[PDB]
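>>> Experimental structure and its sequence below.
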Amino acid sequence: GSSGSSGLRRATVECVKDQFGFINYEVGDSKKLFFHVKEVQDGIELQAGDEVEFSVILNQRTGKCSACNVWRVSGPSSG
């Protein structure tokens, strides 16, 4: 019913080619999430299949949701 779901989450990215990418995480009407290169910090690159931990922040001014402080939690997967 009515419950505030706040906190860090974990999801993998679908495809990252342009400055903006979509994450495989459903928060509302949309199935995927929307984040910009400005979000990610510490000089990190998010690719397809990269699990990153982001915080769900709801905007009261607009009324939409997005990612913030995107941090690549997934491993290197190189070898």
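All right, it came through fine. Numbering: from 1, shown residues only.

>>> and the residue most central in space within the chain, how far is that from residue 38?
For the chain, the residue whose C-alpha lies nearest the mean C-alpha position (Cα atoms, centre = their mean) is residue 67; its distance is 4.8 Å. According to Cβ to Cβ, to the nearest Å, residue 67 stands 11 Å off from residue 38. Placement of C-beta: from N, CA and C, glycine included.

>>> picking up where we left off before, contacts only, for the residue nearest to the centre of the chain.
23, 33, 34, 35, 39, 54, 55, 56, 57 (Cβ atoms under 8 Å, 6 or more residues apart in numbering).

>>> now, among those, which is nearest to residue 5?
Each of those was checked against residue 5 using Cβ to Cβ; the closest is residue 56, at 6.9 Å.

>>> Next, count neighbours for the closest one.
Neighbours of residue 56 under the rule other Cβ atoms under 10 Å: 17.

>>> Can I have the buried ones of the contacts of residue 67 as a ChimeraX selection?
For the buried members of the contacts of residue 67, the matching ChimeraX selection, counting by 16 or more other Cβ atoms under 10 Å, is:
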select :23,33,35,39,54,56
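
>>> Kindly indicate which of the contacts of residue 67 lies nearest residue 3.
Within the contacts of residue 67, the smallest distance to residue 3 is 13.0 Å, found for residue 56 (Cβ to Cβ).

>>> Surely the closest one is in contact with residue 9?
Yes - contact between residue 56 and residue 9 holds when scored by Cβ atoms under 8 Å: they sit 6.3 Å apart.

>>> For residue 21, what are phi and psi?
phi -130, psi 170 (degrees, to the nearest 10).

>>> in the sheet, who's paired with it?
Under the criterion DSSP bridges, residue 21 forms beta bridges with residue 35.

>>> What distance do you get for it to residue 4?
Shown here: residue 21 relative to residue 4, a distance of 27 Å by Cβ to Cβ.

>>> Which one of the two is surrounded by more residues?
Per other Cβ under 10 Å, whichever of residue 21 and residue 4 has more neighbours is residue 21, with 24 against 7.

>>> Who are the contact partners of residue 58?
Contacts for residue 58 were tallied using Cβ under 8 Å, 6+ apart; they are 64, 65.
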